[PDB]
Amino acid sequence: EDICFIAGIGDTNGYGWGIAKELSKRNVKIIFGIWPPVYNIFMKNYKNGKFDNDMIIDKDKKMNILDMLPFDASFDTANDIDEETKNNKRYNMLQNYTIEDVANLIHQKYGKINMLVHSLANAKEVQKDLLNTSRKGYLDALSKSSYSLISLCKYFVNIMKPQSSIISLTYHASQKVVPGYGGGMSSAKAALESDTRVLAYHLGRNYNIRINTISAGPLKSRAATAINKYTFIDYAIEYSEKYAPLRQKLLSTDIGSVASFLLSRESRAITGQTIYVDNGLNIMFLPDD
């Protein structure tokens, strides 16, 4: 029996979904952590069967989703919840959506898990470039995209057996500048990539639990289209499909199959690493021309 918690899916157009599909391929139970703004919509869609096509793991297996849970990676515990999110329309009718709470919720419903996925970033000010990003926007980008992993680790590490495994998603802009990726997103991925190392040391010696981060190529996810710098993402994708060593469409499932391997024991000797899953685009210095 194998259980994974995937933090950060709102649709089937993301990497979370890709990750979810490949794990199913290996008969691992999938628990979804949905941000509360998009949650009710997501159940509504699910119940109505908009995702039935998308849940097809070819080989006559249906994607096996254990549970779908509200989740906000900005709140550690209940007292971190402010009194405006206490009132908010989307959050009013929901409980147990903080990191501490969903950790407890999952543990009490199903026991210890052994796989953890951090598939969420958020940066209020992504459209304004680094130079023109306010303190508030930066720190918020860091809270939501970087710290959330750390906090996920602190809390979930109590509901994980040894030999467990954690992944997050990052982007190459932390190592090399990509204009357009603003609002501190690059700073945040840079921080995330560094924390992945540090945490690997603590989680390793103390828990025999591994943690790595996947550096993805571009994918036309909802969030990617919202970078809205025909856009940053459509450009990111044409460049990639034309200048990558591997000239094939990069799919959400391509990240999953890698995420899957890392989450398994097969990667028992890899920890602290940023693994590029991106058709090799990062190795290139100049366009062929």
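The first residue of the sequence shown is number 1, and the count goes up from there.
Asks: Unmodelled residues of the deposited sequence between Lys229 and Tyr230: none, 1 to 3, 4 to 9, or 10 or more?
Replies: Unmodelled stretch: 10 or more residues.
Asks: Compare the mean C-alpha B-factor of 197 to 205 with that of 81 to 89 as given in the PDB entry, and name the stretch with the higher value.
Replies: It is 81 to 89.
Asks: Higher average CA B factor in the deposited record is what I'm after, so tell me if that's 106 to 114 or 171 to 179.
Replies: Mean C-alpha B-factor is greater for 106 to 114.
Asks: Looking at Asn64, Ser240, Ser260, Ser252, which has the highest Cα B-factor in the entry?
Replies: Out of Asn64, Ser240, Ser260, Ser252, the record gives the largest C-alpha B-factor to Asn64.
Asks: By its CA B factor, does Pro162 count among the lowest, middle or highest third of the modelled residues in the chain?
Replies: Tercile = highest for this residue's CA B-factor.
Asks: Should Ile9 be placed in the lowest, middle or highest third of its chain by the C-alpha B factor in the entry?
Replies: Tercile = highest for this residue's CA B-factor.
Asks: Compared with the other modelled residues in the chain, in which third is the CA B-factor of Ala141?
Replies: For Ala141, whose C-alpha B-factor we compare with every modelled residue in the chain, the answer is the lowest third.
Asks: Split into thirds by Cα B-factor across the chain's modelled residues, where does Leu94 land: lowest, middle or highest?
Replies: As the PDB entry reports it, the C-alpha B-factor of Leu94 lands in the highest third of its chain.
Asks: Going by the CA temperature factor in the PDB record, which third of the chain does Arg135 belong to: lowest, middle or highest?
Replies: CA B-factor rank for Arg135: lowest third.
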